[PDB]
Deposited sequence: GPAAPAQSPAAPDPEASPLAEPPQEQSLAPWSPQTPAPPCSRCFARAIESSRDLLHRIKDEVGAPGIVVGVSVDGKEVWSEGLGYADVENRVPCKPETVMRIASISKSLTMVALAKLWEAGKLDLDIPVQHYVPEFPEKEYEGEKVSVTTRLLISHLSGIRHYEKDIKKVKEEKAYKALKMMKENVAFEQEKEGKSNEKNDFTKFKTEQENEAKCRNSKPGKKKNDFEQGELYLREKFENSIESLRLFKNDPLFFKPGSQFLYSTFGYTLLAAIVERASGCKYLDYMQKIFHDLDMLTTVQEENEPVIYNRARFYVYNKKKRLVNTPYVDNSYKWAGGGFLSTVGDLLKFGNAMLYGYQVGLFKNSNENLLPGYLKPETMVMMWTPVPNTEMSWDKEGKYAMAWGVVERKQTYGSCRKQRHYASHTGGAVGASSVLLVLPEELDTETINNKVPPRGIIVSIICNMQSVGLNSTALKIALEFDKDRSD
């Protein structure tokens, strides 16, 4: 049924693997709510010659932020968390900040879309200001290779609380991870329980059993190794790192199946609202339809790094549908997030299917494609390959 798109997808995977040089890569493609392809090429452990399998466990670096949003959404739906109020209500430990001698409010909504003025692994404000001015017209950092073990989010707040702001909140978009550490602290304070157990409950609800936080001591089966090329153009192991300070922003281990399930749940929650009118035998989504349409609504004055046409909206990169000129390029609406860490690259992409008159009456949610790719290599851009694979699978729907 899908014997043609599989070969093209494998060819594209070989293309990207050969161009980059990654020792291993794993892909998972799910169509219409069911997993239809899982593949792994290369070695998960070069030293011991362990081949890549669909149950290989790797690092999802920036995709974790998306998961955080879900938790926040749940805390929003119960009404326990309000986006408008300043963040000092929940966490007094965060000092009151001032910009150019005036009071400026820092809110949860600003943190979610990276509209505050928190820094991102950089301290020289002049370089950041010059970069932003040039734009208007990162692996060399030392904080990336921290080794200290932090007990909780409060202990990790000390890394950036004393630094001054870089821009007036709500005015300039600056991608940063410490804002999501603050978000995790807010989640801990508002929920009343620890962040890790809340995330574990969410994982249990969504049926993502393999997902877990990265730690050295526990024994985690099928854990992959991470590699990088050195100055002499030779493969070597990345330095040992500890990610206990950025749980919500950069630390989580998972396979492709869990990401496929997460994408399918998001797609069903998004699309069930339209089908609800036709039939009443459909189960409710995980989140309310208003929350789901709030997540994927682009926020103005934002940039999305991995494709120029997109905009950033609630830990997601959303590309809308438009055709400004006749017989010209027709943009396809989709939502993707890309993650990169020390010796690890990943992409999660959701391509919803456009709905017609008969589709809403006859078909059943979900209707779309989810593509997840993970490789144990550093500084690899996987968005375009995922988009091409999704389009290839979408071409021959039936």
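Residues of the deposited sequence lacking C-alpha coordinates, counted from 1, fall in the stretches 1 to 42, 180 to 225, 487.
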